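> This one's experimental. Sequence and coordinates below.
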2 protein chains.
Amino acid sequence: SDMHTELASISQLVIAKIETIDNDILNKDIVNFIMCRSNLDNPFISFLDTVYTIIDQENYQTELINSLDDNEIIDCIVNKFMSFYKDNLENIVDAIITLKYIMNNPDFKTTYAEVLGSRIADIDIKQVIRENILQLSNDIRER
Amino acid sequence: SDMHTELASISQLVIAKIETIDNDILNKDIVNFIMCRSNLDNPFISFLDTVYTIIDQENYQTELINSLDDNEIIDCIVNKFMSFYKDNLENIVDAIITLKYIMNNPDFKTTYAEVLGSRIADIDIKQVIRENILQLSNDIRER
């Protein structure tokens, strides 16, 4: 409801600050987010967090994941992770959130935490983020 | 020894024929290769196969993999697969071969065959291949 002015305003803050941010640090903040530790100081994280919040009215993801067996998880993981090396921001964001919802599972958390850590360390998404953030903002405000 | 004239000659055939090839089919041939079914009619496969052969004098990969537990495999898989969405051909080729060596493990084969199938279906590497093949040829001839 009030999340309109919210999201647009943070977008604007993101694009303004993205370049300046070291990528290694960005990737650390992102991991942390997946692990349910949101450093809101980082605007993009703040962006993510807001978005998550909106989605978790749905809540469906949690139930979904709790059903998945291991092959399904692995498929999910590998499928989602590809977003990062491609150039669609929506799917990147979606991926990240999907990954948090996974790490909210205590079993999957234990198993796959480490690797997510390792593999996120190797992505580079600053371009995608500056280039798409404001458009994404709208796609969702309106969604 | 005679693999010099071999590899250079097939490279040349690859670049000549790559564009023409439908990507969905290419990806099918590649999967099949990972599963130890080399359609040599496809020049790139032939390329792969040759390369594999060279490497399997080493043979080390097999022993290596047989040691890996599941997290390690998963890490390997996800790490390697990223090559596909990036633009280094060497690492792509290396990845593919690494994946075959995995599918030579009967246990890992059973578990992960399906997903490799699914996920390879979504890559697109024709650009990378035309743009790099001849250079790669040399890097290896000389290696």
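All right, it came through fine. Numbers count the residues shown, from 1 in each chain, chains lettered A, B, ... in the order given.
> got the contact list for the spatially most central residue of chain A?
Centroid-nearest residue in chain A, with Cα atoms, centre = their mean: residue A:96, separated by 2.9 Å. Residues near residue A:96 by Cβ atoms under 8 Å, 6 or more residues apart in numbering or on different chains: A:30, A:33-34, A:48. Placement of C-beta: from N, CA and C, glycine included.
> now residue A:47: how far from residue A:128?
13 Å (Cβ to Cβ, to the nearest Å).
> Residue A:95 now?
Taken as Cβ to Cβ, the span from residue A:95 to residue A:128 is 12 Å.
> From start to finish, how long is stretch A:66-73 in a straight line?
End-to-end distance for stretch A:66-73, by Cα to Cα, to the nearest Å: 10 Å.
> Say whether chain B is contacted by it.
Yes: residues of stretch A:66-73 contacting chain B under Cβ under 8 Å from any Cβ of the partner chain: residue A:71.
> And the strand or helix carrying residue A:4, what does it pack against?
Residue A:4 belongs to helix A:3-17 when elements are defined using DSSP states H and E. In terms of contacts (3 or more Cβ pairs under 8 Å, 6 or more residues apart in numbering or on different chains; DSSP states H and E), helix A:3-17 is packed against helix A:43-55, helix A:126-142.
> For it, list every residue counted as buried.
Buried residues in helix A:3-17, defined by neighbour count with 16 or more other Cβ atoms under 10 Å in any protein chain shown: A:6-7, A:10-11, A:14-15.
> Which single one of the residues you listed is nearest to residue A:136?
residue A:11 (7.6 Å; Cβ to Cβ).
> wait, what's in contact with the closest one?
With contact taken as Cβ under 8 Å, 6+ apart, residue A:11 is in contact with A:47, A:133-134, A:136-137.
> Now for those residues: which two are most distant?
A:47 and A:134 (11.1 Å).
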